[PDB]
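In: Build me a model from this:
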Amino acid sequence: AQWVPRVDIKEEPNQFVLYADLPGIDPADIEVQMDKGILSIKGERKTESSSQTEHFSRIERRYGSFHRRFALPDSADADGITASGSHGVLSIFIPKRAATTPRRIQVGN
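Out: Numbers count the residues shown, from 1 in each chain. Sure, structure below:
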């Protein structure tokens, strides 16, 4: 990885929300995979700033490949994760597991 995208992580009452700052990179080209309890944000961003670098009077934007991985709490419900993107921001919505309902197990014969 050559650049680290900035990320906020929020805890609402029933979900966690992860926000990432990935501008100029199409959502269809963002690999957000959830595997073995670990949420991974992957892809690469290419700015026209090396294929025609000598024409650039001024470089500041960060470019290259990225790969952030985040450990989910055991209250996260990985099979319900949803993600969406708008104006270059990645929102990942991470539902929380439902609270275990307290039973009394009756005994069969």
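
In: and the closest residue to residue 33 other than its chain neighbours, what element?
Out: Closest residue to residue 33 apart from its sequence neighbours, by C-beta to C-beta, 6 or more residues apart in numbering: residue 40 at 4.9 Å. C-beta: built from backbone N, CA, C; applies to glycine. Using DSSP states H and E, residue 40 sits in strand 38-45.

In: in the protein, which spans are strands?
Out: Here the chain has its strands, by DSSP state E, at 7-11, 15-21, 31-35, 38-45, 64-71, 82-86, 89-95.

In: Output those in TSV; the columns should cover mean neighbour count and distance to residue 53.
Out: Shown next, in TSV, are the strands of the chain (neighbours: other C-beta atoms under 10 Å; distance: least, C-beta to C-beta, whole Å):
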stretch	mean neighbour count	distance to residue 53
strand 7-11	12	29
strand 15-21	17	24
strand 31-35	13	27
strand 38-45	17	16
strand 64-71	14	14
strand 82-86	12	28
strand 89-95	18	28
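
In: Now tabulate those in CSV and tack on distance to residue 51.
Out: Below are these laid out as CSV (distance: least, C-beta to C-beta, whole Å):
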stretch, distance to residue 51
strand 7-11, 28
strand 15-21, 24
strand 31-35, 23
strand 38-45, 14
strand 64-71, 13
strand 82-86, 25
strand 89-95, 25
